[PDB]
């Protein structure tokens, strides 16, 4: 149970505007989230998430999200990206961040009076996959392999980030990555823990595009998706 926190995703904004009582509850499930990290099609969830809890589809703006870039960055900028895992829903596994470089696709997600179809959701997803922001693009960032994976497997990759071992001696699962304190970010269920990394933005530009957060669960057949409205200028 988790969601994108920095820069503020639509889900965070959703919660913060009082619309979404369980931001961490937005789940793609059931799916094969492991070990093949993109076998699973995003269906209704899309690259921005659908929260069944409160029936929110974050793939289109409302008055409460998606109207504006929440943050403006520069081409090639290395930036903080953070997500929030719930104390009772730390599934371990692997996560990534992506920018889709086809403004025409993304535009379908920036109009409050249109909801992307599942078809457009999946096509967006493919675009986001092509625009995955690799761990290893940030100089100085250590990009480990998953302890829940073995060499040569489809999960064996360090473009994505990994949580710690689900049954590791020390600092297990996603919580273990920052080893942050409880409520270091908001979750509704049992209090949130931050999971913090850096990504390097592309030299691709836009006055208004999306980061899509995607977290593939190891413990469960589940994926958590969020997106943030951002500008590269």
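Residue numbers count along the first chain shown, from 1. Heads up, when I say rigid core I mean the largest set of C-alphas that superpose within 1.5 Å between the two forms.
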| in 7 other deposited structures of this protein, superposed by the rigid core, which stretch departs further from the shown form in CA positions, 148-156 or 118-126? | 148-156
| remark: Comparing 193-201 with 167-175, larger root-mean-square C-alpha distance from this form in 7 other deposited structures of this protein, core superposed, belongs to 167-175
| request: Give the stretch, out of 61-69 and 165-173, with the larger mean C-alpha temperature factor in the deposited entry. | output: 165-173
| request: Between 45-53 and 192-200, point out the one with the higher average CA B-factor as the PDB entry records it. | output: 45-53
| Which one of 82, 158, 96, 104 shows the biggest C-alpha B-factor in the PDB entry? | 104
| query | Highest Cα B-factor in the deposition, which of 125, 86, 77, 153? | reply | 153
| said: What third of the chain does residue 23 rank in for C-alpha temperature factor, lowest, middle or highest? | reply: lowest
| request: Just say lowest, middle or highest third for the CA B-factor of residue 116 relative to the other modelled residues in its chain. | output: highest
| Going by the entry, which third of its chain does the Cα temperature factor of residue 130 land in? | middle
| query | Should residue 232 be placed in the lowest, middle or highest third of its chain by the C-alpha B factor in the entry? | reply | highest
| task | Rank-wise, by C-alpha B-factor, drop residue 148 into the lowest, middle or highest third of its chain. | result | middle
